[PDB]
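Below is one structure, written out as structure tokens; the observations come after it.
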């Protein structure tokens, strides 16, 4: 699929058995998902944005379907305002920028 950028590139994802909306963010190194009691063990991390940092829970080897495409990798969980799919998972689904 091709996604134009007139509006925010929001898509449906599946994680932990739950469906969520997420932003495809080529400016994010990592994937950051809203408060969700994701089973399994996690560890602390701090991640930075434009204004500062937030504390998140790093979970590894988490299956995540993005627009029907299976991926599996690291998911950071915390009080992000927007669920974000970053490059760690975008690469797994073969996503490119084209112009």
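List of remarks:
- Qualifying residue in the range 64-72 (condition: surrounded by fewer than 19 Cβ atoms within 10 Å (Cβ to Cβ), part of a loop (DSSP other than H, G, I, E, B) and in contact with a strand residue (DSSP E or B) (Cβ under 9 Å, 6 or more places away or on another chain)): yes
- Identity of the residue in the range 73-99, without any contact (Cβ under 8 Å) to a residue 24 or more places away in the chain and under 21 Å from residue 45 (Cβ atoms), that ends up surrounded by the fewest Cβ atoms within 10 Å (Cβ to Cβ): 81
For neighbour counting, all protein chains shown are included, and Cβ atoms are generated from backbone atoms with ideal geometry for every residue, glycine included. Values quoted throughout were computed directly from the atomic coordinates according to the rules given, and no laboratory measurement underlies them.
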